[PDB]
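The file model_37.pdb contains PDB, C-alpha atoms:
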```pdb
MODEL        1
ATOM      1  CA  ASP A 132    -104.426 -99.388 -10.395  1.00  0.00           C
ATOM      2  CA  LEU A 133    -103.219 -95.856  -9.717  1.00  0.00           C
ATOM      3  CA  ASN A 134    -105.873 -94.694  -7.207  1.00  0.00           C
ATOM      4  CA  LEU A 135    -105.176 -97.743  -5.040  1.00  0.00           C
ATOM      5  CA  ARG A 136    -101.468 -96.972  -5.323  1.00  0.00           C
ATOM      6  CA  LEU A 137    -101.957 -93.319  -4.285  1.00  0.00           C
ATOM      7  CA  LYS A 138    -104.204 -94.302  -1.359  1.00  0.00           C
ATOM      8  CA  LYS A 139    -101.440 -96.620  -0.106  1.00  0.00           C
ATOM      9  CA  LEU A 140     -98.742 -93.925  -0.603  1.00  0.00           C
ATOM     10  CA  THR A 141    -100.678 -91.184   1.268  1.00  0.00           C
ATOM     11  CA  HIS A 142    -101.341 -93.704   4.095  1.00  0.00           C
ATOM     12  CA  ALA A 143     -97.747 -95.117   4.081  1.00  0.00           C
ATOM     13  CA  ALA A 144     -96.989 -93.396   7.389  1.00  0.00           C
ATOM     14  CA  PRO A 145     -98.869 -91.494  10.104  1.00  0.00           C
ATOM     15  CA  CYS A 146     -97.395 -88.363   8.546  1.00  0.00           C
ATOM     16  CA  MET A 147     -96.415 -88.257   4.879  1.00  0.00           C
ATOM     17  CA  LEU A 148     -94.749 -85.416   2.960  1.00  0.00           C
ATOM     18  CA  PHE A 149     -94.744 -85.258  -0.864  1.00  0.00           C
ATOM     19  CA  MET A 150     -91.837 -82.963  -1.830  1.00  0.00           C
ATOM     20  CA  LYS A 151     -89.198 -81.961  -4.363  1.00  0.00           C
ATOM     21  CA  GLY A 152     -86.109 -83.959  -3.264  1.00  0.00           C
ATOM     22  CA  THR A 153     -85.588 -85.377   0.217  1.00  0.00           C
ATOM     23  CA  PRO A 154     -85.493 -83.775   3.668  1.00  0.00           C
ATOM     24  CA  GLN A 155     -81.628 -83.840   3.642  1.00  0.00           C
ATOM     25  CA  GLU A 156     -81.457 -82.491   0.013  1.00  0.00           C
ATOM     26  CA  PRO A 157     -84.647 -80.468  -0.591  1.00  0.00           C
ATOM     27  CA  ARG A 158     -84.765 -79.437  -4.292  1.00  0.00           C
ATOM     28  CA  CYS A 159     -86.964 -76.371  -4.052  1.00  0.00           C
ATOM     29  CA  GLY A 160     -87.284 -73.526  -1.565  1.00  0.00           C
ATOM     30  CA  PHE A 161     -90.927 -74.372  -0.845  1.00  0.00           C
ATOM     31  CA  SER A 162     -89.946 -77.962  -0.010  1.00  0.00           C
ATOM     32  CA  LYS A 163     -86.937 -76.710   1.997  1.00  0.00           C
ATOM     33  CA  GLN A 164     -89.166 -74.414   4.076  1.00  0.00           C
ATOM     34  CA  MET A 165     -91.605 -77.267   4.715  1.00  0.00           C
ATOM     35  CA  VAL A 166     -88.884 -79.664   5.973  1.00  0.00           C
ATOM     36  CA  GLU A 167     -87.262 -76.993   8.141  1.00  0.00           C
ATOM     37  CA  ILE A 168     -90.573 -76.367   9.984  1.00  0.00           C
ATOM     38  CA  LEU A 169     -91.257 -80.041  10.493  1.00  0.00           C
ATOM     39  CA  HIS A 170     -87.689 -80.745  11.763  1.00  0.00           C
ATOM     40  CA  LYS A 171     -87.809 -77.721  14.068  1.00  0.00           C
ATOM     41  CA  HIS A 172     -91.089 -78.993  15.543  1.00  0.00           C
ATOM     42  CA  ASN A 173     -89.748 -82.538  15.917  1.00  0.00           C
ATOM     43  CA  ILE A 174     -92.537 -83.893  13.759  1.00  0.00           C
ATOM     44  CA  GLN A 175     -92.313 -87.516  12.860  1.00  0.00           C
ATOM     45  CA  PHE A 176     -92.733 -87.863   9.122  1.00  0.00           C
ATOM     46  CA  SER A 177     -91.812 -89.948   6.096  1.00  0.00           C
ATOM     47  CA  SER A 178     -91.544 -88.447   2.604  1.00  0.00           C
ATOM     48  CA  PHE A 179     -91.846 -89.142  -1.107  1.00  0.00           C
ATOM     49  CA  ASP A 180     -89.731 -87.382  -3.790  1.00  0.00           C
ATOM     50  CA  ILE A 181     -92.072 -86.298  -6.590  1.00  0.00           C
ATOM     51  CA  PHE A 182     -89.097 -86.131  -9.024  1.00  0.00           C
ATOM     52  CA  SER A 183     -88.797 -89.944  -8.540  1.00  0.00           C
ATOM     53  CA  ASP A 184     -92.100 -90.912 -10.239  1.00  0.00           C
ATOM     54  CA  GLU A 185     -93.989 -88.676 -12.701  1.00  0.00           C
ATOM     55  CA  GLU A 186     -97.139 -90.823 -12.613  1.00  0.00           C
ATOM     56  CA  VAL A 187     -97.411 -90.241  -8.875  1.00  0.00           C
ATOM     57  CA  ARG A 188     -96.430 -86.561  -9.225  1.00  0.00           C
ATOM     58  CA  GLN A 189     -99.230 -85.830 -11.717  1.00  0.00           C
ATOM     59  CA  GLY A 190    -101.695 -88.484 -10.404  1.00  0.00           C
ATOM     60  CA  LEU A 191    -101.601 -87.215  -6.809  1.00  0.00           C
ATOM     61  CA  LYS A 192    -102.404 -83.646  -7.956  1.00  0.00           C
ATOM     62  CA  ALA A 193    -105.584 -85.034  -9.625  1.00  0.00           C
ATOM     63  CA  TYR A 194    -106.362 -87.526  -6.816  1.00  0.00           C
ATOM     64  CA  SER A 195    -106.191 -84.813  -4.101  1.00  0.00           C
ATOM     65  CA  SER A 196    -107.309 -81.860  -6.259  1.00  0.00           C
ATOM     66  CA  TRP A 197    -104.270 -79.957  -4.941  1.00  0.00           C
ATOM     67  CA  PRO A 198    -102.331 -78.455  -7.898  1.00  0.00           C
ATOM     68  CA  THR A 199     -98.819 -78.105  -6.299  1.00  0.00           C
ATOM     69  CA  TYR A 200     -96.222 -79.391  -3.879  1.00  0.00           C
ATOM     70  CA  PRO A 201     -95.239 -79.800  -1.142  1.00  0.00           C
ATOM     71  CA  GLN A 202     -98.280 -81.602   0.186  1.00  0.00           C
ATOM     72  CA  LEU A 203     -98.498 -82.817   3.810  1.00  0.00           C
ATOM     73  CA  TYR A 204    -100.736 -85.736   4.763  1.00  0.00           C
ATOM     74  CA  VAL A 205    -101.541 -86.789   8.331  1.00  0.00           C
ATOM     75  CA  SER A 206    -103.336 -90.044   9.003  1.00  0.00           C
ATOM     76  CA  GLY A 207    -103.884 -90.233   5.208  1.00  0.00           C
ATOM     77  CA  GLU A 208    -105.757 -86.908   5.124  1.00  0.00           C
ATOM     78  CA  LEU A 209    -104.552 -83.904   3.117  1.00  0.00           C
ATOM     79  CA  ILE A 210    -103.549 -81.168   5.496  1.00  0.00           C
ATOM     80  CA  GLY A 211    -102.363 -78.891   2.703  1.00  0.00           C
ATOM     81  CA  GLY A 212     -99.199 -77.147   1.658  1.00  0.00           C
ATOM     82  CA  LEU A 213     -96.679 -74.651   2.853  1.00  0.00           C
ATOM     83  CA  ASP A 214     -99.085 -71.795   3.610  1.00  0.00           C
ATOM     84  CA  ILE A 215    -101.285 -74.023   5.859  1.00  0.00           C
ATOM     85  CA  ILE A 216     -98.277 -75.491   7.675  1.00  0.00           C
ATOM     86  CA  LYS A 217     -97.065 -71.899   8.438  1.00  0.00           C
ATOM     87  CA  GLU A 218    -100.519 -70.826   9.683  1.00  0.00           C
ATOM     88  CA  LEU A 219    -100.690 -73.856  12.004  1.00  0.00           C
ATOM     89  CA  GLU A 220     -97.211 -73.136  13.292  1.00  0.00           C
ATOM     90  CA  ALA A 221     -98.169 -69.503  13.822  1.00  0.00           C
ATOM     91  CA  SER A 222    -101.406 -70.481  15.666  1.00  0.00           C
ATOM     92  CA  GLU A 223     -99.494 -73.205  17.616  1.00  0.00           C
ATOM     93  CA  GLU A 224    -101.738 -76.041  16.420  1.00  0.00           C
ATOM     94  CA  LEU A 225     -99.117 -77.788  14.217  1.00  0.00           C
ATOM     95  CA  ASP A 226     -97.805 -79.846  17.122  1.00  0.00           C
ATOM     96  CA  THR A 227    -101.365 -80.900  18.023  1.00  0.00           C
ATOM     97  CA  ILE A 228    -102.279 -82.053  14.485  1.00  0.00           C
ATOM     98  CA  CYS A 229     -99.037 -83.885  13.719  1.00  0.00           C
ATOM     99  CA  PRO A 230     -97.441 -87.010  15.268  1.00  0.00           C
ATOM    100  CA  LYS A 231     -94.095 -87.120  17.101  1.00  0.00           C
ATOM    101  CA  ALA A 232     -91.766 -90.004  18.042  1.00  0.00           C
ATOM    102  CA  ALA A 233     -91.268 -91.379  21.519  1.00  0.00           C
ATOM    103  CA  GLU A 234     -88.136 -89.915  23.121  1.00  0.00           C
ATOM    104  CA  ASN A 235     -87.597 -92.743  25.675  1.00  0.00           C
ATOM    105  CA  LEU A 236     -84.040 -93.901  26.581  1.00  0.00           C
ATOM    106  CA  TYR A 237     -82.545 -97.252  25.375  1.00  0.00           C
ATOM    107  CA  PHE A 238     -80.489 -97.591  28.588  1.00  0.00           C
ATOM    108  CA  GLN A 239     -80.965 -97.770  32.415  1.00  0.00           C
TER
ENDMDL
END
```

How would this structure read if it were set down as structure tokens?
Amino acid sequence: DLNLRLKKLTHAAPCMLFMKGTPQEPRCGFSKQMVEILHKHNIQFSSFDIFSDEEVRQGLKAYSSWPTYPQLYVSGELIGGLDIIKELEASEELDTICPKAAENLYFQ
């Protein structure tokens, strides 16, 4: 069941990015810009490569009624794409909306 599958994928991590390629090898400038912003802000995120699975690539566009990528999800909710992530960065609310990892030490 595809809807169940897409619910699970969008909720796979506190912050989930659907992109062309991976964060280390982004395969589109729009995806590259997205990952750069997230990395710069030290956002904690997992990602899914839409080139890896065409059923997910097309199904998620219909499921979320969002006709392109990249798409950022936080807590399973669609935040949006590149333009929205830039606006949040610009208004300084990106860091508030998104999760970040603990930076505690593993030594005393």

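In this structure, CA of residue 158 (chain A) sits 13.2 Å away from CA of residue 178 (chain A).
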
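The gap separating CA of residue 220 (chain A) from CA of residue 171 (chain A) is 10.5 Å, in Å to one decimal.
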
Checklist entry - Any chance you could work out the residue set of the PyMOL selection byres ((chain A and resi 173) around 12) here, as a ChimeraX atom specification? => result /A:166-172,174-176,225-227,229-234

Next on the checklist: Is it possible to get the residues within 6 Å of (-92.6, -82.3, 2.4) (coordinates as in the file, counting all atoms listed in the file) written as a VMD selection string?
Outcome noted: chain A and resid 148 to 150 162 165 to 166 201

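Separating CA of residue 191 (chain A) from CA of residue 205 (chain A) is a distance of 15.1 Å.
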
Checklist entry - Using only C-alpha atoms, which of A:190, A:181, A:237, A:157 sits nearest residue 132 (chain A)? => result A:190

Let me have the centre and edge lengths of the axis-aligned box enclosing all listed atoms of region 224-228 of chain A with 3 Å padding on every side, in Å to one decimal, as JSON.
```
{"center_x": -100.0, "center_y": -79.0, "center_z": 16.1, "size_x": 10.5, "size_y": 12.0, "size_z": 9.8}
```

Checklist entry - Hey, which of A:179, A:203, A:134, A:197 ends up closest to residue 152 (chain A)? Count only C-alpha atoms. => result A:179

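Counting all atoms listed in the file, the residue from A:189, A:195, A:141, A:164 that sits nearest to residue 177 (chain A) is A:141.
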
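Neighbours of residue 206 (chain A) closer than or equal to 8 Å, with all atoms listed in the file counted and sequence neighbours fewer than 4 positions away skipped, come out as residues 142, 144, 145 and 146 of chain A.
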
Item to check | Best match for closeness to residue 182 (chain A) among A:238, A:200, A:161, A:194, counting all atoms listed in the file | outcome: A:200

N, CA, C and O atoms are needed for region 141-158 of chain A; please write them out as a short mmCIF file (atom, residue, chain, number, x, y, z; two decimals), in the coordinates of the input.
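selection.cif was written with the following content:
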```cif
data_model
loop_
_atom_site.label_atom_id
_atom_site.label_comp_id
_atom_site.auth_asym_id
_atom_site.auth_seq_id
_atom_site.Cartn_x
_atom_site.Cartn_y
_atom_site.Cartn_z
N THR A 141 -100.27 -92.28 0.37
CA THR A 141 -100.68 -91.18 1.27
C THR A 141 -100.92 -91.73 2.68
O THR A 141 -100.84 -90.98 3.66
N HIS A 142 -101.17 -93.04 2.79
CA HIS A 142 -101.34 -93.70 4.10
C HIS A 142 -100.07 -94.53 4.49
O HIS A 142 -100.12 -95.33 5.43
N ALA A 143 -98.95 -94.33 3.80
CA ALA A 143 -97.75 -95.12 4.08
C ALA A 143 -97.17 -94.87 5.46
O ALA A 143 -96.45 -95.72 5.98
N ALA A 144 -97.47 -93.72 6.06
CA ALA A 144 -96.99 -93.40 7.39
C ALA A 144 -97.98 -92.46 8.06
O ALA A 144 -98.76 -91.82 7.38
N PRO A 145 -97.98 -92.42 9.40
CA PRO A 145 -98.87 -91.49 10.10
C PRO A 145 -98.75 -90.07 9.61
O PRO A 145 -99.73 -89.34 9.60
N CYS A 146 -97.56 -89.66 9.20
CA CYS A 146 -97.40 -88.36 8.55
C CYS A 146 -96.51 -88.46 7.33
O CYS A 146 -95.37 -88.95 7.40
N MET A 147 -97.05 -88.02 6.19
CA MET A 147 -96.42 -88.26 4.88
C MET A 147 -96.28 -86.94 4.13
O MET A 147 -97.27 -86.22 3.96
N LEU A 148 -95.06 -86.65 3.67
CA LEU A 148 -94.75 -85.42 2.96
C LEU A 148 -94.32 -85.71 1.52
O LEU A 148 -93.36 -86.43 1.28
N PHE A 149 -95.04 -85.15 0.56
CA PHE A 149 -94.74 -85.26 -0.86
C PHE A 149 -94.00 -83.98 -1.25
O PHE A 149 -94.56 -82.89 -1.15
N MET A 150 -92.74 -84.12 -1.66
CA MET A 150 -91.84 -82.96 -1.83
C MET A 150 -90.95 -83.04 -3.08
O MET A 150 -90.81 -84.10 -3.71
N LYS A 151 -90.34 -81.92 -3.44
CA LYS A 151 -89.20 -81.96 -4.36
C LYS A 151 -87.91 -82.32 -3.59
O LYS A 151 -87.47 -81.59 -2.72
N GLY A 152 -87.34 -83.48 -3.92
CA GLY A 152 -86.11 -83.96 -3.26
C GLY A 152 -86.40 -84.76 -2.02
O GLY A 152 -87.44 -85.43 -1.93
N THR A 153 -85.49 -84.66 -1.06
CA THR A 153 -85.59 -85.38 0.22
C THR A 153 -85.39 -84.37 1.34
O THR A 153 -84.96 -83.26 1.10
N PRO A 154 -85.68 -84.76 2.60
CA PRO A 154 -85.49 -83.78 3.67
C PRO A 154 -84.03 -83.29 3.88
O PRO A 154 -83.81 -82.17 4.38
N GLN A 155 -83.06 -84.12 3.49
CA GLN A 155 -81.63 -83.84 3.64
C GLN A 155 -81.10 -83.03 2.43
O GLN A 155 -80.14 -82.27 2.54
N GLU A 156 -81.75 -83.21 1.27
CA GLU A 156 -81.46 -82.49 0.01
C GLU A 156 -82.78 -82.02 -0.63
O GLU A 156 -83.23 -82.57 -1.63
N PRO A 157 -83.41 -81.00 -0.04
CA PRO A 157 -84.65 -80.47 -0.59
C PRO A 157 -84.35 -79.68 -1.91
O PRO A 157 -83.47 -78.83 -1.94
N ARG A 158 -85.07 -79.98 -2.97
CA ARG A 158 -84.76 -79.44 -4.29
C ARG A 158 -85.70 -78.33 -4.76
O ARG A 158 -85.94 -78.15 -5.96
#
```
